[PDB]
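Chain and residue survey
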Amino acid sequence: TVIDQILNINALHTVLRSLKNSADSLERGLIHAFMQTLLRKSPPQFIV
Amino acid sequence: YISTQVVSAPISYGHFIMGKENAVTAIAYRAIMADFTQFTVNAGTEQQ
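Residues numbered from 1 in each chain as written, not as in the entry; some residues may be left out. Chains lettered and ligands numbered in written order. Part of a larger assembly, values for the part shown. Heavy atoms only, no water.

Deposited coordinates in this entry are attributed by the record to cryo-EM, at a stated resolution of 9 Å.

Some thoughts on helix α1 (residues 20-29) of chain B
Residues and elements named next belong to chain B. Considered for burial, the residues of α1 that qualify are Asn22, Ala23, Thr25 and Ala26. Along the axis of α1, the buried residues cluster in a sector spanning 165°; they form a single face. Of the exposed residues in α1, those oriented more than 90 degrees away from the buried face are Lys20, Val24 and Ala28. Of the residues one or two after α1, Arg30 is the one with positive phi, at around 55°. (Buried < 20%, exposed > 50% of the residue type's maximum accessible area, 1.4 Å probe, protein only. Helix = DSSP H or I, 4+ residues; strand = E, 2+ residues; numbered from the N terminus. Arc of directions from axis to C-beta.)

Here we look at the pattern of salt bridges
Residue and element names in this part refer to chain A. Evaluated as defined, the whole model comprises one salt bridge over all chains. The salt bridge involving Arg28 is made with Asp24; its shortest N-O contact spans 3.5 Å. Highlighted residues: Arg28 and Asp24, both in helix α1 (residues 2-41), separated by four residues, approximately one helical turn. The class of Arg28 is exposed, set by a relative accessible area of 60%. (Salt bridge = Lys/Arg side-chain N within 4 Å of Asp/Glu carboxyl O.)

Below, the structure is given as structure tokens:
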């Protein structure tokens, strides 16, 4: 049916676009974890 | 008063398949117009 084709292609887009969102999230988490470790490592300027 | 005669009978089920129009209205408006296309194309003419 036409409605079943609508829901099929919408569920497929939901899965694909959530996968894209998850890959973007892993990249931004790489950004954030690396910035987290730089701030854990960096001593302040008056000490340096 | 009882006879037996040959009558032109149906043998298969009828169809009703939606169009894209009906799928669109079913999702947006929670409803179906039946004969939506005949209904549509007799709008501005005299034979409403």
